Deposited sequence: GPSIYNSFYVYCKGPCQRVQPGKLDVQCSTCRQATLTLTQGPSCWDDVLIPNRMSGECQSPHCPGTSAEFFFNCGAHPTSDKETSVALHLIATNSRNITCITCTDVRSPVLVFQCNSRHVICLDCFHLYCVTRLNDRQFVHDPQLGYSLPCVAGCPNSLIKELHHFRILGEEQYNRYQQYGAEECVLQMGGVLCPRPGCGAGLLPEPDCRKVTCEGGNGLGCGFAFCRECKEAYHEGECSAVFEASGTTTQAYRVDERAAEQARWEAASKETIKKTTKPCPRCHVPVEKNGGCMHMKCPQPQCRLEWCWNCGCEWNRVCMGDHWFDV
């Protein structure tokens, strides 16, 4: 099976799995929207109202396509959607990993200018070590993320669901660490009482902070913002004694570092559109719909598994 799309299944699977793409009319919300042409890239499926066509349902003037992803490891309730991870790709280009230099699949492709690629095993390691060391980066607009391993500029992962690679317990830890980091960057504080750690955003010019709330919300500890001990009027007395990528590999691990198949019906040759695997024969007397990848007539399987490639 050729899978173009990876999702996170949150039960039954509870893991990153091959995904199935599907489309519905945005108005009637039925699988009635036939597209003029298939999606060719991730923007086509992720940005609302980007793609258009015709609702086959007659009691509907719908024209706009709504794309959604389901897990590919089992049948799903029609509305049992999973989050797509648009950075993950099948390694159809045989690109080496920036860290381990192996040709693995699937891979993650960073949105740096170089489009550096890392295998999902090395991405996991990156995430775990950086989460354990609290070296994830906080951006006020993007949240708790990681950049390209090469440290390229403007390369923080935007879709934070990619951190689902970490697994359920570690994902929760990531979100916990992210919240704490968000608080601290806002000039807030965490309650220092063991078993609490409540996030508090007090006035910037206040030294006494109370862990406010009832027995449900807060613990009532009043602390000094400076030393993080209980509030006091003196100087702070607490003392804390501090105990305490290769360039060649990076060059090769770039995503952008023959292709003629005859049409099954009319046999006029065609080269790939790059992305869309859904061919509609451009010859006016044929117009056979077929899959580039499989050389077969178009079907729901090719649709779900590899409507487009990267």
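Counting from residue 1 of the deposited sequence, the stretches lacking C-alpha coordinates in this chain are 1-3, 248-254, 268-274.
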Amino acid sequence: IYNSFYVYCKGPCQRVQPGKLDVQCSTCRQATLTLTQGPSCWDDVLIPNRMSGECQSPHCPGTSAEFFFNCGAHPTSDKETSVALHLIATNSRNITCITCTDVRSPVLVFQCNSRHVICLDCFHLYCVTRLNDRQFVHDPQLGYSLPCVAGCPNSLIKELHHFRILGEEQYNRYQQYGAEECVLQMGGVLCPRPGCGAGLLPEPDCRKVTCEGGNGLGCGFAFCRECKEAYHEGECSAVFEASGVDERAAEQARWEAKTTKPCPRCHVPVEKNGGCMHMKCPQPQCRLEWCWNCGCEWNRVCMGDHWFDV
From here on, numbers count along this sequence of modelled residues.
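In this entry, 71-79 shows the higher mean Cα temperature factor of the pair 85-93 and 71-79. In this entry, 233-241 has the higher mean Cα B-factor, the comparison being between 233-241 and 105-113. Note on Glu181, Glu168, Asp121, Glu203: the highest value goes to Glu168, judged by CA B factor as recorded. Among the modelled residues of its chain, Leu131 has a C-alpha B-factor that falls in the highest third, as given in the PDB entry. Among the modelled residues of its chain, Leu217 has a C-alpha B-factor that falls in the highest third according to the deposited record. Looking at the C-alpha B-factors along this chain, the one for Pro39 belongs to the lowest third. In the PDB entry, a CA B factor belonging to the highest third of its chain's modelled residues is recorded for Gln14. Ranked by Cα temperature factor within the chain, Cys291 sits in the lowest third according to the deposited record.
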